[PDB]
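Colleague: this one's a deposited entry, sequence included:
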Amino acid sequence: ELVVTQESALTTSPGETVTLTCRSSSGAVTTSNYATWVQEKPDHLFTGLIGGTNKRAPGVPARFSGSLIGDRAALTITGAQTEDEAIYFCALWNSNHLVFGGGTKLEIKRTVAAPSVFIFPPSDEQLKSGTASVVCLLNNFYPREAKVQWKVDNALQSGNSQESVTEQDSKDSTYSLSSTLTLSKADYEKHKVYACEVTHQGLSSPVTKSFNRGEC
Amino acid sequence: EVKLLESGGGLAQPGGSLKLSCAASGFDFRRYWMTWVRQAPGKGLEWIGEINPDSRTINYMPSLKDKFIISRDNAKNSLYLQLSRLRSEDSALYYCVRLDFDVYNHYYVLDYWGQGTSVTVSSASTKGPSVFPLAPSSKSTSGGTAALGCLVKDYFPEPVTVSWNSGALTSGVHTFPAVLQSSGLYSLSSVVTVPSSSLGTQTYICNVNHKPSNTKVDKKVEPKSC
Ligand SMILES: Cc1cc2nc(N)n(CCCCC(=O)O)c2cc1C
C-alpha cells in the first residue's frame, strides 16, 4: 500500500525561499517515480507545475523548481509571492497507477489584521419553522487563529455552534469566518442577550457584538 | 485555450450506477491521454485512471479496476467514466484531466483540469434549501460599510451556487463552505459588504441555485424595520 506524505502546512515570508517535500512509504523516491506537482487555487482550480521530478510545465515561472533531496521529491519556491498561496499536491507513479500525497497548504506571512465582527439575529421567517439560527461574522483577518465564543444571557455555549472559514484571499491574504449558533425557537425565546465574543491576535482585548431578542 | 467541462454528477443510490462525461476543446483531443481524478470530502486527490489516444491502453487505480470503466470518443472530443456498485465512499468531486504524456523525456504532467462534477451516494431524498436573510444591522445614516447576506440552510445534497444581483455584485462577497449539520442536511452562508448610504436605495438580492432539486431562489435582503 504505497502512501505518499507531505507536510500539512508551511508558512513563509514574501521574498523568502521555501521547500515542500514528498516522501514514499515504500522507500526513497526515485527518478522512476516521475514525481509531479499540482497547484490548487481557491474554487477547485488545479494546474500542473512540475513533471519528471525537475521539469517545469509551460507557463510556470522559473521561481518554481523540483528535485530530489535526500530520499524525497521536493518543490522549491524562490522569492515567494502572495500569489503563491495555495495547496500543493505531489504525486508519484507506482508502476501501474498514480498515487497523490495529501497536499501541503502554503501560507505567505503578512501583517496582522484584526477582524470586523458582525452578529445577525434569526429572521422571523425562520422562527416560523421552529428553529433559530444566530450568525456571527469575522471579516478579513490574519492570521487564521481566531476564537469565537457564544454567550446567551452571559452563559457560555457549547456543542451548539459550527463554523466555516474561507480560503486565504488572493488579494489581501485574509481569512473570513462564520459561526452559527443553532437553537430551537423554544430556547431562543427563553433568553434575551445574545452575544458573540471574539479573540484574535489583532485585538488588544476580546471584541463582543450582541443584540437583545426582540429589540429593534 | 484548453477547456474541460464535466457533467453527469448528482445524487445516486447506493448499489446503483452513474455515467459521467466530459467535453473537451481548445486542443487536439485525439492526440492526448485523458485522466479521471476525484476528491472526497475531507480528503486529498485520488487518481481513478487514464486512457491513451486510441483507447488501446487503459490503466486504473487497483481498487476500482472493475467498478469503473473509462472510455472516450475522439470524434466528439468526449471522455466518459462509468461508475457502478456505488457506495458512500464514492461520494466526491470528479475531475476530468488532461495528461501531457512525453515518453521521450519521461515527462508526465496532469496539465489542465476541469472544475469537476459533484457526485453523492446516499439513500436520502433531495431537498431544496430555505433561504433566510441576514439583515444589515446598520442604518444608511451610520455611514461607512455595512454587512448583509443570505443563510442557505437544510438542503441535500451538495452543491448550491450563490451569486448576488445576478452576478453584478462580486466584490466583497464571501460564500462560506457548506457544513453538514447533525440532521444530515447541508447549510451555508453568503455575505457581502456594501456602503451604508446605499441601504434603502440599492437592491441587494442573493440568487441561490440548487440543481439536485431544481430549486432557484432569489431573496431580497433589506434592513429590518423597527
Ligand atoms: C502523473 C503521471 C501519469 C502517468 N501515466 C502514466 N502511464 N505514467 C507512467 C509513464 C509511462 C511508463 C513508462 O513508459 O515507463 C504516468 C506518470 C505520472 C507521473
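Modeller: Everything's here; your move. Numbering: from 1, shown residues only, chains lettered A, B, ... in the order given.

Colleague: which residue is nearest the centroid of chain A?
Modeller: Nearest to the mean C-alpha position of chain A, by CA atoms, centre = their mean, lies residue A:167 at 4.9 Å.

Colleague: which of the three states applies to that residue?
Modeller: Secondary structure of residue A:167, reduced to three states by DSSP: H, G, I helix; E, B strand; the rest coil: coil.

Colleague: do you know how far it is from residue B:193?
Modeller: Distance, residue A:167 to residue B:193, using CB to CB, to the nearest Å: 18 Å. In this view, the C-beta of every residue, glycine as well, is placed from N, C-alpha and C.

Colleague: cool, residue A:146 as well?
Modeller: 18 Å.

Colleague: over to residue B:219?
Modeller: Look at residue B:219 and residue B:193: by CB to CB, they are 18 Å apart.

Colleague: just residue A:87 next, same as before
Modeller: Residue A:87 is 27 Å from residue B:193, by CB to CB.

Colleague: one more: residue A:67?
Modeller: Residue A:67 is 44 Å from residue B:193, by CB to CB.

Colleague: the residue nearest to the centre of chain A against residue A:42, yeah?
Modeller: Yes - between residue A:167 and residue A:42 there is a contact under CB atoms under 8 Å: 4.2 Å.

Colleague: quick one, phi psi at residue A:31?
Modeller: phi -60, psi -30 (degrees, to the nearest 10).

Colleague: how about the nearest residue to it, chain neighbours excluded?
Modeller: Counting by CB to CB, 6 or more residues apart in numbering or on different chains, residue A:31 lies nearest to residue A:53, which is 6.2 Å off, once chain neighbours are set aside.

Colleague: thinking the one you found is in contact with residue A:35, fair?
Modeller: Yes - with contact defined as CB under 8 Å, residue A:53 counts as touching residue A:35 (4.6 Å).

Colleague: which one of the two has more residues nearby?
Modeller: residue A:35 (28 against 22; other CB atoms under 10 Å in any protein chain shown).

Colleague: let me see the domain layout of the chain.
Modeller: Here I'm looking at chain A. A:1-110, A:111-216 (curated CATH domains).

Colleague: not quite, go with chain B.
Modeller: According to curated CATH domains, the domains of chain B span B:1-123, B:124-226.

Colleague: the longest one close to chain A?
Modeller: Yes - on the criterion CB under 8 Å from any CB of the partner chain, domain B:1-123 is in touch with chain A at B:37, B:44-47, B:59-62, B:93, B:95, B:97, B:100, B:102, B:105-113, B:115-116.

Colleague: for residue 87, list the residues it contacts.
Modeller: Here I'm looking at chain A. A:39-40, A:103-106 (CB atoms under 8 Å, 6 or more residues apart in numbering or on different chains).

Colleague: please go with chain B instead
Modeller: Residue B:87 touches B:14-15, B:121, counting by CB under 8 Å, 6+ apart.

Colleague: for it, phi and psi?
Modeller: phi -130, psi 170.

Colleague: hey, where'd the helices end up in chain A?
Modeller: A:124-127, A:185-189 (DSSP state H).

Colleague: mind listing what's buried along the shortest one?
Modeller: In terms of neighbour count (16 or more other CB atoms under 10 Å in any protein chain shown), helix A:124-127 has its buried residues at A:126-127.

Colleague: so which elements touch it?
Modeller: Under the contact definition 3 or more CB pairs under 8 Å, 6 or more residues apart in numbering or on different chains; DSSP states H and E, helix A:124-127 sits against strand B:130-134.

Colleague: continuing past the strand it packs on, what's the next helix or strand?
Modeller: strand B:145-155 (DSSP states H and E).

Colleague: that following strand near chain A anywhere?
Modeller: Yes - under the criterion of CB under 8 Å from any CB, chain A is reached by strand B:145-155 at B:147, B:149, B:151, B:153.

Colleague: OK, contacts around the closest residue to the first one other than its chain neighbours?
Modeller: Right, the one you point to is residue B:147. Excluding the flanking residues, the one nearest residue B:147 by CB to CB, 6+ apart is residue A:118, at 4.6 Å. Contact analysis of residue A:118 by CB under 8 Å, 6+ apart lists A:136-137, A:139, A:209, B:137, B:147.

Colleague: kindly state the beta-bridge partners for residue A:118.
Modeller: As for beta bridges, residue A:118 partners with residue A:137 under DSSP bridges.

Colleague: relative to the ligand, how far out is it?
Modeller: As judged by CB to the nearest ligand atom, to the nearest Å, residue A:118 and the ligand stand 45 Å apart.

Colleague: residue A:201 versus the residue nearest to the centre of chain A, what's the distance?
Modeller: As judged by CB to CB, residue A:167 and residue A:201 stand 20 Å apart.

Colleague: what's the answer for residue A:49, then?
Modeller: For residue A:49 relative to residue A:201 (CB to CB), the value is 32 Å.
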